[PDB]
Every structure is written in structure tokens, then in C-alpha cells.
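Shown next, in C-alpha cells, is the structure this report addresses.
Protein chains in written order, with the numbering used here: chain A, 13 to 160; chain B, 13 to 160; chain C, 3 to 126; chain D, 3 to 126; chain E, 13 to 160; chain F, 13 to 160; chain G, 3 to 126; chain H, 13 to 160; chain I, 13 to 160.
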């Protein structure tokens with residue numbers, strides 16, 4: 013995924029129906045064999061930490077870790093984003109990376125409406141809106157994954 | 013899926029093992045090329061809103077949107093079900109549809125035990141039981157998706 | 003039209019209908035007709051525009067409130083204009099049954115002057 | 003022409019020929035010529051019409067009686083008009099050898115005013 | 013048929029058994045894509061009309077029409093041979109041809125023994141023998157068509 | 013034949029030349045496996061019997077029998093149309109049908125010019141023109157069947 | 003431009019460049035722009051013509067002599083004109099950096115009069 | 013040639029024997045579809061003109077023309093290198109290029125021993141040695157071209 | 013080559029890239045199996061001998077011999093064009109042909125600038141320009157043959 017024309021469905025001119033439709037887990041494939049490179053090409057990992065009276069948005073570059081290798085937990089009033097991947101063999105050699113992050117949390121932040129999104133280039137953004145609207149009510153619905 | 017005999021596993025007589033087992037994301041495929049048609053054949057979108065002293069069940073017809081295009085959020089004490097899909101090309105032309113819904117919420121409704129289900133025909137039902145039992149305790153377990 | 007508003011106890015609307023319903027399109031060298039069912043939008047809430055030689059059909063109405071929860075309809079339908087279509091004079095009709103018909107007769111009813119009969123008809 | 007009538011003892015006609023004989027069609031961006039052999043039909047029996055932006059060539063004559071059995075010729079030939087063809091001024095020629103030539107020069111002899119030389123030629 | 017070596021069975025050296033044995037309906041195939049051409053190369057359509065005291069033979073060139081497009085009927089003491097074909101698309105364009113023929117009939121001609129034959133080159137000959145022999149008796153037998 | 017797009021040549025977009033060109037004997041194929049159905053969808057079998065001073069046309073619905081199973085004979089001044097087919101196995105079971113018809117004949121009807129035609133939907137029409145023109149002369153010509 | 007002439011001891015020219023260098027062409031229903039790098043030809047030595055509804059770009063200069071051996075540049079570049087392109091008003095621009103931009107905006111900014119609102123809008 | 017790994021034999025790891033061994037006429041193939049580019053990446057066309065008492069070497073960049081499109085002739089005491097190619101269609105459009113060169117010749121230069129070579133990158137070098145050795149004698153031998 | 017559409021590259025619509033690109037050595041292939049024929053269809057072999065004060069052009073029809081079978085040498089002030097081919101087997105039989113030519117040479121003709129060309133139809137033309145310009149200088153460059 014995100015490597016050529018036949019990935020990245022439905023933008024797939026070689027049939028458009030069933031040939032090369034797959035999940036986005038193959039985003040790191042171009043970087044799997046690429047070693048002399050940076051954190052998926054951005055400056056730093058945590059792009060910004062916005063903490064004001066109207067929003068709370070934090071953007072993290074996670075292009076070097078697959079979404080399966082990325083997990084977020086909250087331990088003792090700290091926003092912890094930790095991503096560990098096994099040793100990966102490339103055209104150059106073998107590399108294992110591991111990062112642990114912790115972030116303080118402002119008072120009055122409700123975690124029941126915090127939404128986190130991953131962009132195509134490999135940036136995970138955690139967005140929160142301050143205490144002006146919304147209620148802790150949440151009604152989820154079934155979402156069918158896009159296999160092929 | 014839900015289009016012929018070889019979809020809808022395990023009801024698949026042409027091998028029964030590994031040939032045509034796929035996720036339910038292809039439910040809208042018969043309606044993908046069908047335009048002169050209705051909201052997946054039901055009367056209206058929201059089938060019913062049950063609000064009594066024993067249950068709270070709301071059924072919504074979502075047959076015109078894929079489960080990936082359906083998302084539910086709660087904003088300022090309102091049950092909001094919003095589903096947006098990109099323009100879809102069929103045998104007739106191009107159509108883009110978008111619906112936004114909001115619903116008031118009765119007092120004393122706990123969102124921690126509200127369960128939403130999607131039926132085969134494309135109906136999303138949000139069910140809630142009144143304040144007589146259950147506790148906010150929830151113990152989830154890993155569920156492996158059914159790919160093939 | 004105005005039947006979106008009575009959504010109380012009538013969450014299935016008065017008439018079941020989905021945004022972006024159309025009947026048929028006839029495309030040939032004689033005519034170009036586009037019939038669209040717009041029964042769920044008021045006459046003043048229907049907008050049709052042609053941008054970059056392409057027909058755009060959009061129907062949107064204000065969110066109609068009721069006892070339980072307000073409902074809104076909004077869709078954008080796009081039809082490609084074939085070659086020779088002149089947006090400056092595209093015909094349009096809205097029947098009383100909620101069907102909007104967009105026609106185009108190509109204005110090709112001219113009598114052919116070129117009638118070779120005897121010798122060197124030429125041109126003009 | 004008039005040689006269809008002498009069919010007595012001459013069932014093979016004076017000149018063997020089949021309805022719908024043509025020589026060549028030249029289709030390019032400069033000209034559009036259609037040459038058709040119409041030697042078996044009288045000049046007043048040849049009709050050429052353009053319907054729905056398409057060229058129609060039809061040749062029919064009255065059944066020419068003779069000693070044994072009358073003979074008639076009737077055919078309808080259809081040629082599609084390419085893009086940019088204007089039926090209102092389509093050229094046509096009928097040579098003396100029974101060949102009908104339908105021409106179209108596209109009227110594209112205009113001099114291009116857009117001659118960029120020094121700076122910001124723009125338009126008009 | 014009548015276009016190359018592999019047609020025209022049994023004169024078919026590439027197997028001789030079952031490969032390219034077909035009916036003679038493909039006689040016009042060489043002329044299907046050939047437009048700048050004549051009535052299948054003969055002078056005129058009706059080759060000759062023989063009307064004497066011993067025979068009645070009329071030969072008609074029907075090479076421009078398939079045998080399926082050729083039909084013969086008798087209307088009001090006239091031998092009518094009419095052949096109409098739909099518009100045919102070739103390498104040059106589209107052509108539709110139609111011919112109607114009528115022929116007077118000598119007195120004393122019995123139609124019960126008139127035989128019409130089609131030659132390979134596309135000539136239909138109607139042969140009749142004068143009133144000297146034969147009887148109106150006719151005993152037909154089953155003829156199996158030669159498919160392959 | 014008369015079942016999908018690849019039958020019914022030359023209306024055959026998948027090659028247009030030699031792939032799926034076949035005789036019209038497969039007209040009953042859609043009804044071969046269809047049992048809960050009518051006489052090929054018309055009201056009755058004999059559509060009409062026209063008997064006037066200018067024409068004699070009789071239309072018979074024969075959609076339930078193949079043309080090979082349909083045969084017409086005249087016995088003792090009666091127009092007899094009889095069609096018998098063997099037992100046919102479908103998705104439902106086994107059925108054998110047989111019909112025998114007889115029709116009186118008006119005086120002065122010449123059988124030498126009576127033409128019978130079968131339409132695509134399976135209707136056999138017997139047409140006759142009254143005694144005002146035509147002669148018993150008939151000149152047949154060879155017609156090549158359309159195999160492929 | 004005039005830097006072709008100093009070819010003495012400078013056989014690699016002042017700026018390396020090949021005849022027929024262009025930047026980008028944008029082809030859509032809104033605009034048709036053709037940008038060509040013509041830095042190696044003088045403004046008076048650049049000729050652009052449209053023949054048979056097709057854009058021709060040619061750049062040729064006189065052979066520029068020097069101490070050792072004269073050098074000349076001559077090329078003919080051909081661009082096909084898409085459908086709807088009017089050569090009589092084709093835009094053209096020549097930037098100061100030796101880039102010649104040939105534009106075409108399609109003149110499709112007309113306001114669509116066909117606005118169906120209530121009943122039988124028809125045409126005109 | 014000079015585009016990937018399987019060209020440029022014998023440096024061809026995918027078999028090494030007979031698969032992708034071809035002549036060097038495909039040197040311009042990478043530049044065939046490349047238009048926004050320079051004279052095969054060098055500064056100018058004629059790299060240098062060496063004219064001294066010991067050698068006469070002139071290097072010309074001919075990377076934009078195939079060796080078949082390059083021809084050298086001498087007209088009236090001038091070294092003329094002229095290369096014309098037909099219009100070439102690329103991913104961008106159509107381009108036709110033509111160059112004519114003329115070069116003066118020092119006195120005492122014998123053309124019988126002048127050797128011209130083409131390098132891999134597309135540079136044609138004309139080398140001459142001054143009047144100190146060699147004789148006009150030349151004994152050529154048969155050279156078999158390397159096809160595959 | 014010069015026999016159908018798939019030869020004569022790049023005029024090759026069936027792929028245009030690598031399928032049927034070959035050298036022009038197959039020019040005689042149509043005449044290889046053709047015997048009842050002439051010297052590749054021209055009148056005579058030597059078309060003309062131009063000998064004036066401005067040019068010296070001689071055109072020879074060599075369509076009956078392959079370029080490999082054609083060799084030109086000069087022996088004792090005579091232009092000799094000799095072409096010998098082995099016995100060739102065709103649909104008719106076996107034929108061996110051999111021709112020897114000699115031509116006188118005008119005084120003052122420099123052979124260092126004489127150019128000979130072979131046309132597509134099989135005509136070899138030897139062209140010479142009189143003593144008004146050019147010098148015996150000749151600078152050749154490498155030309156890659158066009159294999160495929």
C-alpha cells in the first residue's frame with residue numbers, strides 16, 4: 013500500500029474490481045526495505061501539542077511503526093503512546109526500534125470524546141475539544157472492514 | 013456478498029473451504045450498480061424509536077451506506093448518526109448522498125451498555141435497556157475477524 | 003417537498019425515498035433527456051447548475067425538526083454532458099409528480115440544403 | 003441511368019453493376035470526401051439527405067418494364083458523419099461518369115492570429 | 013466458405029475430419045468486407061432466359077445475397093425472385109441492397125417439377141423441361157444437413 | 013437462444029464473428045428449466061382465426077414446443093396442427109405434454125400459397141390470402157442454413 | 003537567445019540545453035496551457051503556427067559562427083489540439099526566463115440560464 | 013539497454029545466458045519517454061576540442077540521438093557531424109530535433125587513422141594523433157556483432 | 013520484412029514495442045517463394061548511369077539478391093558490382109543466379125566520398141559528386157544496429 017499504482021484502492025486502474033484491493037497495513041512496505049531514511053520524512057515525531065481553551069490536538073508521526081505496532085494507554089494521569097516493533101530485515105541489515113512516550117493531561121479533559129486518527133503518510137493525531145458541548149453518550153455501530 | 017450463491021459463506025456449495033469466503037463489506041454490491049431503487053427496500057430510514065420504561069430500541073435502515081461509511085457520535089446530549097459516502101458510479105451515472113441525523117436522549121440512559129447491531133439487509137438497530145439491571149463493568153475479549 | 007417536516011412518530015417519512023433517485027436518461031443524436039425524481043425536496047430547494055461543461059444536480063433542504071429528532075436531506079448528483087451539448091439553452095422540465103426532466107434536443111432540425119441532382123452542386 | 007429499361011434479351015443489363023458501389027472516402031482534418039458510383043440511376047432518381055447529423059445516400063428508380071420481365075433497383079446507403087461535419091454546407095459533386103462525389107473541406111483555412119513573438123501576446 | 017484452403021470441406025488438408033467443416037452459408041464472407049466490387053463478378057444478374065419447346069432454364073446471379081436472404085414466390089402468373097439483406101458493415105462503410113424481380117410465365121409450364129439450383133460462385137439457375145415426360149408425382153426423402 | 017446477450021446473433025458483443033452463433037432451436041432453453049409458467053406467456057394457444065373475404069390468418073402460440081416438435085398436416089379437409097414432445101426434466105420434475113388440433117377449412121382456399129411463420133417469442137402464424145391474385149406457380153431456391 | 007554565438011572555447015555553450023524542452027501541459031475542461039522552454043532561441047527566431055487544427059511549435063536560428071566551428075539549432079515540435087480548441091483566439095505568453103506558455107481557457111465562463119425552479123422552465 | 017538490471021549484458025543476473033542479451037541500440041530508451049530533460053545530462057554537446065602538437069581529440073555528447081541517427085561526413089575541409097531523428101512520441105507529447113555541425117580541420121591531419129568512439133552515456137569522441145608515427149596502412153578483420 | 017503489416021517496424025500496430033522488430037535482411041522473403049517473377053519488378057537491373065560535370069549517379073536494381081549477397085569491389089579502374097547467391101528452393105523448384113558487372117570510371121572521380129544506398133524496393137544507387145567541393149577527410153562514428 014502507498015507504494016505504486018496497483019495499491020491504494022480504489023485508485024487502481026488495472027481492473028478496479030478485485031485484483032489488488034487490500035488493507036492499509038502495507039503502508040510501511042516502501043520503508044520496510046528502506047533504512048537510510050528518517051521517521052517517515054517529517055521533522056520529529058510529535059508534530060505539535062495544542063493546549064488552549066477551545067481545543068486539544070496533538071499530532072504524532074508514527075510512519076516508522078505499523079498501526080498494529082502502535083498502542084495507546086493512559087497510566088496515572090499521563091497520555092502514553094508506546095510503539096514496539098520486532099527486528100526488521102531490510103536490504104541493509106537488521107534494525108529494532110522502540111519508543112515510549114508520556115504526556116501530562118490538562119484538568120477537565122474528558123476522554124470519552126477524544127478521537128485519534130492516522131493519516132496516509134503515517135501521522136497519528138489525537139484531537140480533543142474543550143468543555144463547551146458534547147455529552148458522554150456514545151452510540152457505536154458495526155463497521156465492516158475493507159478487505160477486497 | 014448477499015448477491016449470489018458463492019458469496020455468503022459458509023453457505024457456499026462450490027468448495028465450502030477457501031474459495032469465496034470474504035467479509036460482509038460487499039453487502040452494497042448489488043445496489044452499487046442499482047440506481048432506480050429505494051433505501052435498500054424498507055419504508056423510510058429510521059424504522060422505529062422505542063422509548064418506554066423497559067427498553068430503548070431504535071432501528072435505522074442503513075442499506076444505502078457501507079458499514080465503513082457509517083459512524084455514530086454523541087454531541088451535546090444528542091444521538092447523532094451520520095453517514096457520508098463518496099460519489100459512486102453505476103450503470104446509470106454518478107450519485108453522491110449524505111445524511112445527518114440527530115436524536116434527543118432520555119434522562120437516565122447509560123451509554124456504557126448500549127449495543128448497536130447491523131442486520132444482513134442493512135438495518136442498524138440501537139438497543140438500550142432501562143435502569144433495572146447491569147453495571148458499568150465491561151470486560152472485552154479479542155475477536156479474530158473472518159477473512160477467508 | 004414539505005413532507006420531510008412531519009417526522010414525529012413517522013420516522014419512516016410519509017413516502018420512503020432516498021436522495022438521488024432518477025428514472026431514465028436518453029442519449030442519442032436527436033435528444034438528450036435526464037429525468038430525476040426530486041419528490042423529497044421543495045421547488046425552491048432544488049438547484050441545477052452547469053459548471054465546466056458538466057451538469058450538476060443538487061438537492062438540499064433545511065433540517066426539518068420534529069418531536070424527537072430533526073432530519074435533513076442533502077445530495078449532489080453529477081451528470082457528464084456529452085459532446086455537442088450547449089449549456090446556454092439546455093431544456094428543463096419539472097413534472098407535478100416530483101420528477102425533474104432535463105432535456106436537450108440538440109437543435110438539429112435544420113433542412114439539408116445539399117441536394118445533389120444533376121451536375122456540380124458544389125456549396126452555396 | 004436510362005440503360006435499365008432495355009432489359010429485353012439483355013437480362014445482364016448493358017453494363018454489369020450492383021446497387022451501392024462507391025470508390026473511396028478520404029477522412030482527415032483537412033477534407034471529407036465521399037465518392038459513390040451512381041451510374042445505374044437517373045440524375046432525377048438520386049436523392050441524398052442528412053438526418054440526425056448522418057449522411058444518407060439512396061438510389062431508387064421505377065421498375066423498368068421490357069419484353070419478358072420488369073426490373074427495379076433500390077438501395078439505401080448510410081455513411082456516418084464524423085465530428086465537426088456541418089450538414090448545412092456539405093459539398094457535393096456528380097461527375098459525368100456516373101460517380102457522385104460528396105465533399106467537405108471543413109472550412110479550416112483561417113489564418114492563425116496567435117503569433118507569439120516578444121512578450122505577453124495574450125488574446126485579442 | 014470459398015475464401016481459403018481450410019474452408020470448402022472435404023478439401024481441407026489441415027485434419028480432414030472435424031476441424032473446419034461448416035455449411036455453405038459463409039460463401040459471401042469474402043464479399044462481406046469487399047465493397048468496391050460487382051455482383052459477385054458476372055455480367056449482370058439474370059444470366060439468360062431460355063424459353064423454347066424443349067426446356068425453360070433461367071440463370072440468376074445471386075452472389076451478392078446469402079441463400080437465407082433469397083426467397084422465390086409466384087404472384088399472379090409471375091415468377092418473382094426477391095432478395096433483401098440488412099445493412100452490412102464492411103471495411104469501407106455500410107450498404108443496404110434490395111432487388112425485386114418479376115418474370116412472365118409461358119403457358120403449359122408445370123411448377124411441380126421445376127428445379128432450382130445454386131452454384132458455388134453464387135448463381136441461382138431455375139430449370140424447367142417442357143411437356144414431354146415426367147408426372148406430377150413426387151416422393152421426397154429425408155436429407156441430413158452437413159454441419160461438421 | 014433468446015436467453016441472454018451472447019445468444020441471438022448477430023446481436024453478440026463478445027466477438028461478433030464465430031463464438032456464439034447458433035440456430036434458433038434453443039428458443040425453449042429458458043423454459044426448459046422453467047415449469048411454474050404458462051404457454052410461453054400469451055393468453056391461450058390459438059391467438060386468432062381470421063376468416064374474411066380478403067385474408068385467412070391464424071396465429072398459434074407454440075412457445076412450449078420446439079420447432080422440431082411441431083408438425084402440420086391436413087387430414088380430410090381439416091387443418092391439423094399437432095405437436096408432441098418427450099418428457100422433459102427441469103428443476104422441478106418431469107413433464108410430458110401433447111396437443112392435437114383440428115380446424116375446418118373454408119371453400120376456395122388454395123393451399124399452394126399458404127405461408128406459415130414462427131415468431132421469436134414462439135407464435136406460429138398461418139396466413140392465407142383470398143382468391144384475388146397469385147397463381148399456383150412456385151419457384152424455390154436453395155437456402156443455406158445459418159449454423160455459425 | 004544570443005548566447006549561441008559565443009561558441010569559441012565554449013563548445014558546451016553558456017547553458018547546456020537541448021532543442022525541444024518544455025515544462026508542463028495542463029489539459030482539462032477549464033483550460034489548455036502549453037509551457038515550452040525556448041531559452042536557446044531569440045524572440046524573433048521563434049515561430050508558432052496552427053495548421054489543420056493542430057499546434058506547431060518550431061524554433062530555428064541562423065548558424066552562429068565562431069573561432070572553430072559554427073553551430074545551429076533547428077527543431078519542430080508538434081502538439082495535437084484537443085476537441086473544442088479554437089485556433090483563432092489561442093492564448094500565448096512568453097515569460098522572461100525563456101519559457102513560452104501557450105494557453106487556452108476554452109471561454110466557458112458563461113452563466114447557465116437553465117435554472118429549473120417550479121414548473122416547465124423549458125428553453126428561452 | 014542502460015535502463016535496469018536485466019539489460020546491459022553480461023551484467024544480467026536473471027539467467028546470464030540467453031534471456032535479455034541485446035544490442036546497445038536501446039541506450040536512448042530511458043530518454044525515449046523522458047522529455048523534461050537535457051542533452052542526456054552533460055553541459056553542452058561538444059565537450060572539448062583539443063588541438064595541440066601531440067593529439068587532436070574532440071568529444072561530442074550524442075546522448076539525445078541513437079547511433080543509427082548519427083552520421084559523420086567531411087565536406088570541403090570541414091568536420092561535419094549531423095544527426096537527424098524522426099519525431100518521437102513520449103509521455104509528454106511529440107518532439108523532433110535536428111542538429112548540424114561543422115568544424116575546421118588543421119593542416120597535416122591524416123584522416124586514415126582517426127578513430128571515433130561512443131561511450132555508454134552517449135558521448136562520441138573523435139581522437140587523432142599528430143604526425144609522429146603510424147602509417148596509412150590499415151588491415152581490417154571480420155567482427156561478429158553481439159546479438160544475443 | 014516488406015511482406016505484411018507486422019514486419020516493417022516501427023509501422024507495427026500489434027504491440028509497437030518488441031514483438032516483430034527485425035533487420036531488413038528479410039526483404040527478399042516475398043520473392044523467396046516467388047519464382048514466376050522479374051528482377052524485383054523494375055525494367056532492367058542498372059536503372060541509369062549519370063555521367064556529367066556535376067554528378068555521377070548510377071542506380072542498380074538488386075532486389076533479387078540479399079544485401080549480404082551483394083558486394084562491390086574495384087579492379088583495374090573498373091566499378092565492379094558482383095552478387096552471387098546459393099541455390100534457393102521455392103514453391104516451384106530450385107534456382108541459382110549469378111551476375112558480374114564491370115563499369116568504366118571517369119577520370120578525376122574521387123572514391124573517398126562516393127556513397128552507395130539501398131532502397132526499400134531493392135535498388136542500390138551509387139552516387140558521386142564532381143570535383144567542386146568536399147575534402148578526403150572522413151570522420152566515422154559508431155552506429156548501433158537496429159535488432160529489436
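Here a beta-carbon is modelled for each residue, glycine too, at the ideal position from N, C-alpha and C.
Residue 89 (chain E) reaches chain F at 147 and 149, counting residues in chain order whose Cβ is nearer than 8 Å.
Counting only runs of 3+ residues, the beta strand (DSSP E) found wholly inside the region 43 to 102 of chain F occupies 58 to 61, 67 to 73, 82 to 86 and 90 to 96, in chain order. With a cut-off of 8 Å on Cβ pairs, the region 16 to 33 of chain H is not in contact with the region 95 to 111 of chain C, counting fewer than three such pairs. Check the Cα spacing between residue 122 (chain C) and each of D:95, D:36 and D:29: the tightest is with D:95.
Assigned with DSSP and collapsed to three states, residue 144 (chain I) falls in coil, not helix or strand. A Cβ-Cβ separation of about 5 Å places residue 40 (chain F) in contact with residue 78 (chain F) under the 8 Å criterion. The three-state reading of DSSP puts residue 26 (chain I) in coil, since its state is none of H, G, I, E or B. Between residue 143 (chain H) and residue 142 (chain I), the alpha-carbon positions lie close to 30 Å from each other. In terms of beta-carbon proximity, residue 84 (chain C) stays away from the interface with chain D, with every pair separated by 8 Å or more. Inter-residue distance for residue 147 (chain E) and residue 123 (chain E) is about 11 Å (C-alpha atoms, whole angstroms).
Contact of residue 122 (chain D) with chain G by beta-carbon distance below 8 Å involves 95 and 96. For residue 61 (chain D), there are no C-beta contacts with chain E under 7 Å, since the nearest C-beta of that chain is about 10 Å from it.
For residue 77 (chain G), the enclosing beta strand (DSSP E) stretches over residues 73 to 82. Excluding its 5 nearest sequence neighbours in each direction, residue 16 (chain C) has C-beta neighbours in its own chain below 6 Å: 5, listed in chain order. Here residue 93 (chain B) has 72, 84 and 113 as same chain residues with Cβ atoms under 7 Å from its own Cβ, once five neighbours each way along the sequence are excluded. For residue 37 (chain E), the C-beta contacts it makes with chain F under 8 Å involve 156, 157, 158 and 159, in order along the chain. Under the Cβ criterion of 8 Å, residue 118 (chain C) is counted among the residues facing chain D. Using a 10 angstroms sphere on the CB of residue 110 (chain I), the tally of other CB atoms stays under 16, which defines it as exposed. One thing to note: residue 70 (chain E) has its Cβ within 8 Å of the Cβ of residue 61 (chain E). Membership of residue 101 (chain G) in the beta strand (DSSP E) is indicated by the continuous run 101 to 104.
For residue 128 (chain F), the enclosing beta strand (DSSP E) begins and ends at 127 to 130. Straight-line measurement puts the Cα of residue 140 (chain F) at about 54 Å from the Cα of residue 126 (chain C). For residue 6 (chain G), the three-state secondary structure derived from DSSP is coil.
Scanning its chain for C-beta atoms nearer than 7 Å, with the 5 sequence neighbours on each side dropped, one finds around residue 22 (chain A) the residues 28, in chain order.
For the 8 Å CB-CB criterion, residue 73 (chain C) and residue 66 (chain C) form a contact. Exclusion of the five residues before and after residue 138 (chain A) leaves 70 and 128 as the residues of its chain whose Cβ lies within less than 6 Å of its Cβ.
From the beta-carbon of residue 59 (chain B), no residue of chain A is found nearer than 8 Å; the closest lies around 14 Å away. For the set F:44, F:59, F:57 and F:158, the Cα lying nearest the Cα of residue 104 (chain F) is the one of F:44. Residue burial annotation: residue 47 (chain F) is exposed, with fewer than 16 other C-beta atoms found within 10 angstroms of its C-beta. Beta-carbon to beta-carbon, residue 56 (chain G) and residue 83 (chain G) are separated by about 5 Å, close enough to satisfy the 8 Å threshold. In the structure shown, residue 19 (chain I) adopts coil according to DSSP, grouped into three states. Between residue 145 (chain F) and residue 87 (chain E) a beta carbon distance of about 6 Å is seen, short of the 8 Å cut, so the two are scored as contacting.
Residue-level contact by beta carbon holds for residue 46 (chain D) and chain C, with a gap shorter than 8 Å. Taking a Cβ-Cβ cut-off of 8 Å, the neighbours of residue 110 (chain G) in chain C comprise 54 and 55, given in sequence order. Taking C-beta atoms as the reference points, residue 158 (chain E) and residue 30 (chain E) fail to come closer than 8 Å.
With at least 16 other beta carbons inside 10 angstroms of its own, residue 57 (chain H) counts as buried.
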